[PDB]
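Only one chain is shown below, in structure tokens, and it's the form deposited in one PDB entry.
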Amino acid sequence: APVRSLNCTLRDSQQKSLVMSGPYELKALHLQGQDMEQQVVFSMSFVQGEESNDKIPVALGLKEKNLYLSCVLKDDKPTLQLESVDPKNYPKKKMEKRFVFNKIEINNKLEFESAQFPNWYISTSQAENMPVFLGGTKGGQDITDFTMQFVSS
């Protein structure tokens, strides 16, 4: 399909689930049971970019919503954010760079590195209920790896 995608969920290595904070923010937290359905279902798109056997470019939008994770400089610092797009032109095979993440297969875990800002990754905090953000450091206080779960569509 011109642009191929797949629906899925992500979970941090701490087993925290992602949910929508505001209209433009994601937060991570320990969730179980009935609460689990509050989690966000992404729609991962396989876009065009520099490819490898362990490094695939993707775009992460929300299922059925014209919102995409985007990387931008905000206050002279790489920043993660949800961005609105024309429901009619997206997704597309050739997404803009700010929308592109390199999906990296590590342990049996994943990492999402910004195509735009090398070595900047999608991260979560150890703490509960904090926002998902773009962190510039690996192997640290912050969490950079996740696992993914496929969902039926």
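Start at 1 with the first residue shown and count on from there. Only residues modelled in both forms are compared. Throughout, rigid core stands for the largest set of C-alpha atoms superposing within 1.5 Å between the two forms.
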Mean Cα B-factor check, 11-19 vs 134-142, entry values; winner is 134-142
As the entry reports it, the stretch among 59-67 and 45-53 with higher mean C-alpha B factor is 45-53
Top Cα B-factor in this entry, restricted to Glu113, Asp86, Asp35, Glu96, sits on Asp35
Reading the B-factor column for Cα atoms of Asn119, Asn107, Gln39, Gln126, the highest value belongs to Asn107
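The protein also exists as the form solved in complex with a partner chain; that form is not presented, and the subsequent description refers to it.
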Going by a heavy atom distance of 4.5 Å, is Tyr68 a contact of its partner chain in the bound PDB entry? yes
Of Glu50, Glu64, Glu105, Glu96, Cα shift of 2 Å or more between this form and the one not shown on rigid-core superposition seen only for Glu64
Moved regions between this form and the one not shown after rigid core superposition (C-alpha shift of 2 angstroms or more, 3 or more residues per run) are 63-65
